[PDB]
C-alpha cells in the first residue's frame, strides 16, 4: 500500500503529507547514518513555518554520542516539552536503517529494521500533522506513507 513522496532527498527535507495520519497509517523512511553523525531527527509538524517555528507533534531524534540514545519530544508554540529518552537504540554511525512509524489512536509506535524501538503518546492531535521534516546528519533513500484511507 506504500506511496513514496520522495526518493534520495537533499537534507534538510520538508514535505507536505498528502493525506491525514489516521490510525493504521504507516510512515516508512529508509536511509543511512554517516560515519561522523552526531544526531538527526524526523519531525512530524503542523506546517512548515520557520518564523515562528512550526509545532512538532513528534520529534524523533537519534543521538550518537557516548552510548547513543533516542530523544522524543513535542514542540508547541516554540517550547519543548518533557523529553522521553530511549537508551536502547538500534542506530549506529555508518549503518543503514528502515524506520517504520505506526500511527495508533493514542500513540505512535516506532520499529527499526523490523524490531520495535519505542512508543510515544500523542500530545498534539495527529490530525493536525501535515508536514514531515528530516534534519541533521543523515542520508535518506526514501520517505513513504501507507495511508489508512487507501
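Residue numbers count along the first chain shown, from 1. For the two forms, the rigid core is made up of the largest set of C-alpha atoms that agree within 1.5 Å on superposition.
Larger mean CA deviation from the shown form in 5 other deposited structures of this protein [core fit; 5-13 vs 131-139]
Most displaced of the pair in 5 other deposited structures of this protein: 5-13.
When the Cα temperature factors in the entry are averaged, is it 61-69 or 38-46 that ends up higher?
On average, C-alpha B-factors are higher across 61-69.
Where does the C-alpha B-factor of residue 142 rank in its chain, lowest, middle or highest third?
Highest third.
Could you place residue 108 in the lowest, middle or highest third of its chain by Cα temperature factor, using the values in the record?
Lowest third.
What third of the chain does residue 133 rank in for C-alpha temperature factor, lowest, middle or highest?
It falls in the bottom third of the chain.
Chain-wide C-alpha B factor ranking for residue 9, given as lowest, middle or highest third:
Tercile = lowest for this residue's CA B-factor.
Chain-relative CA temperature factor third for residue 55:
Within its chain, residue 55 is a lowest-third residue by C-alpha B-factor, going by the deposited values.
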